[PDB]
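Have a look at the structure below before the remarks.
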Amino acid sequence: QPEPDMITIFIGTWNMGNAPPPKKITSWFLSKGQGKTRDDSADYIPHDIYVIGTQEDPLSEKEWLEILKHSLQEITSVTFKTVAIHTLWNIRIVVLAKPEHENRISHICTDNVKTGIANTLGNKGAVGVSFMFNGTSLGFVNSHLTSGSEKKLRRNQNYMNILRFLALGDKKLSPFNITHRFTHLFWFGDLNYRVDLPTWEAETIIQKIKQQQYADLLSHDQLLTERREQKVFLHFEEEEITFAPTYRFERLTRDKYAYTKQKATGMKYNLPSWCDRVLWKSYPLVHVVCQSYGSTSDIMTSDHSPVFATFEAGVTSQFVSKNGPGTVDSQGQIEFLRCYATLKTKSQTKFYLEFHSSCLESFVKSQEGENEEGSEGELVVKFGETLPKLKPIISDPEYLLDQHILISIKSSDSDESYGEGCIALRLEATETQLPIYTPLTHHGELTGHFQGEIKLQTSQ
Ligand SMILES: COc1ccc(NC(=O)Nc2cccs2)cn1
């Protein structure tokens, strides 16, 4: 039975509004309702992995798992296996997978982050799950960020705390946060970004929604605008939104947005907003295609509608050769030529590189680079032709061209990373000098760039 080169992944996010769900929620898992929806002809075809994020979830783990499993069984006639479940307060993540994947899934990690301090610590934060699916690392984050139209900066701070402190994936990748640890990272939740229009425009916004005219609303969505200004979710993707705002509804119908200030809202307006989102970040040149992104119309127990997104995602096999794993394959090598880092830092320490990859036995430290002053005030760290030759464990091009090299640039003085990036080995040619490039980030913010040339030797 051959190993897959693709899987499909369902991502769900639902703020349940502290209310139990209705008896039928199959529309969510079928990607039916508004937006980019799934074809009826696929309804019986199970996804490989279902990842369910809830917020304001009033159920026990047992109660929600029973509902999820019985839902998927009704749809697919498959009894899904529980990969992981993790809850922080009323924020929950469930990962289910087809039984045939049980022996493909390993290295399961869970963690949470609590955001805020004192007043603002006690209900917001994130839960996450990571695991290996054969040769491919998968990370999943469900976050409930700070609420309120006037708190977009707080949400951006919540995001940075979550990506710094959520401990998922391979702990040997010590310079790297979750935005570099995974082949595919999915980040979803009640991100709580609002449509930033005046309160007086509430009825005009409602009109626009009834006409399915979302363009003038999305142009004011705080998540889109903050992402355009590189304030949050740098280097993440989001499918185009073609569904109505998923908040704030009167419960038990979808006919009414409940936006007016009430004692129950702390006298805050809740203009219709796309609070409930799914974003992703995959390593360069790995296949990932969003095949649905939408909201249900028929689940009305909460003041939020459920959101679904589905993806085709490239996966690789757990490669064995006569040589690697447990030795090198002299026939393979990775060379870096004419490489330099450009850093936004004011620091004048010397820097070195670390090269991390599951195609290496262990990470590789470079010699210190040569600092020069760049014209426009920046630091340029030149490595020229000094970088070590990397010795992959397997030289077969079917393996090596699918791999990635994580790069950290570190201070000689403090051994702290000033920037992290990723280079694909999915090259146009082997035994040929080719340009490479990655932006460098630290704590998920832009700190520089790394560019140069690569020369990859495979067994072919
Ligand atoms: C390689 O990482 C990425 C990922 C996405 C992108 N493009 C964007 O982020 N485009 C956006 C327009 C407005 C908000 S965001 C570039 N590089």
Side-chain angles (χ1 to χ4, degrees), residues 11 35-36 136-139 141 143 145 152-153 155-160 162-163 176-189 191-197 214-243 245 273-290 293 307 309 311-314 341-344 357 402-409 419-428 434-452 454:
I11 307 293
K36 183 183 186 64
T136 299
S137 59
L138 303 175
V141 177
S143 67
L145 307 183
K152 83 184 178 193
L153 163 66
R155 293 187 268 281
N156 300 346
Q157 292 170 335
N158 295 158
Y159 165 85
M160 175 182 293
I162 293 159
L163 77 84
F176 303 100
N177 64 60
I178 53 163
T179 75
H180 283 120
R181 284 191 176 188
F182 307 104
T183 319
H184 302 282
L185 171 62
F186 298 92
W187 191 322
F188 50 94
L191 306 192
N192 248 323
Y193 292 89
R194 306 311 175 88
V195 168
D196 218 336
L197 278 172
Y214 304 135
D216 307 332
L217 305 183
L218 287 165
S219 71
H220 298 273
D221 174 80
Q222 292 167 339
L223 183 50
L224 290 179
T225 62
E226 290 298 275
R227 274 173 28 74
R228 196 173 281 284
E229 294 183 34
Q230 292 181 39
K231 300 305 181 63
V232 79
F233 282 104
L234 183 62
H235 303 138
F236 282 73
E237 307 298 339
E238 191 187 20
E239 180 61 277
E240 183 188 358
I241 294 172
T242 65
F243 48 101
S273 291
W274 285 280
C275 290
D276 311 296
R277 307 291 273 270
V278 181
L279 299 93
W280 73 95
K281 182 188 182 179
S282 301
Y283 286 168
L285 299 179
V286 180
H287 181 86
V288 52
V289 177
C290 180
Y293 189 39
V307 166
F311 298 89
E312 301 189 338
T342 305
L343 304 182
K344 297 183 190 291
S357 183
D402 280 351
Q403 304 304 310
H404 291 83
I405 310 301
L406 293 170
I407 299 183
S408 168
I409 182 156
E420 301 101 52
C422 182
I423 301 301
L425 297 191
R426 177 158 299 168
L427 306 188
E428 285 301 338
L434 290 165
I436 57 168
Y437 170 72
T438 181
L440 294 174
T441 64
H442 188 67
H443 300 160
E445 288 178 323
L446 194 65
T447 61
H449 315 275
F450 181 85
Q451 57 210 289
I454 202 167

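Both backbone and side-chain heavy atoms feed into the values below; hydrogens, waters and symmetry mates do not. If you read the sequence from its start, that first residue is 1, and numbering goes on from there. Order of appearance sets the numbers: ligands from 1, and atoms from 1 within every ligand.
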To the nearest 0.5 Å, what is the distance between NE2 on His287 and CG on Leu285? 12.5 Å
Note the single closest protein heavy atom to atom 17 (N) of ligand 1, along with its residue, its atom name and the distance in Å. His235 CD2, 4.0 Å
Going from CD on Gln222 to CZ on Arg155, what distance comes out if it is rounded to the nearest 0.5 angstrom? 5.0 Å
Residue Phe236 vicinity, atoms of ligand 1 by number, heavy atom under 4.0 Å: 4 (C), 5 (C)
If you measure from CG on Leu191 to CG on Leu145, what distance do you get to the nearest 0.5 Å? 5.0 Å
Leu224 heavy atoms, cut-off 4.0 Å: which ligand 1 atoms fall inside? 14 (C)
Do you see a donor-acceptor pair shorter than 3.5 Å between the side chains of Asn156 and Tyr193? yes
What distance do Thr179 atom OG1 and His442 atom NE2 have between them, rounded to the nearest 0.5 Å? 11.0 Å
Does ligand 1 have an atom under 4.0 Å from some heavy atom of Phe233? no
Atom 10 (N) of ligand 1: closest protein heavy atom, distance to 0.1 Å, is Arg227 NH2, 4.7 Å
Is there a protein heavy atom at a distance of less than 4.0 Å from atom 2 (O) of ligand 1? yes
Return the closest protein heavy atom for atom 14 (C) of ligand 1 as residue, atom name and distance. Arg228 N, 3.1 Å
Distance (rounded to the nearest 0.5 Å) between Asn177 CG and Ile162 CD1: 12.5 Å
Test of understanding: given a 4.0 Å heavy-atom threshold, classify the contact between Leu234 and ligand 1 as side chain, backbone, both, or neither. neither
Nearest-contact summary for atom 6 (C) of ligand 1 - protein heavy atom, Å: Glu237 OE2, 4.3 Å
Without swapping roles, check the side chain of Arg426 against the backbone of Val286 for a donor-acceptor pair under 3.5 Å. no
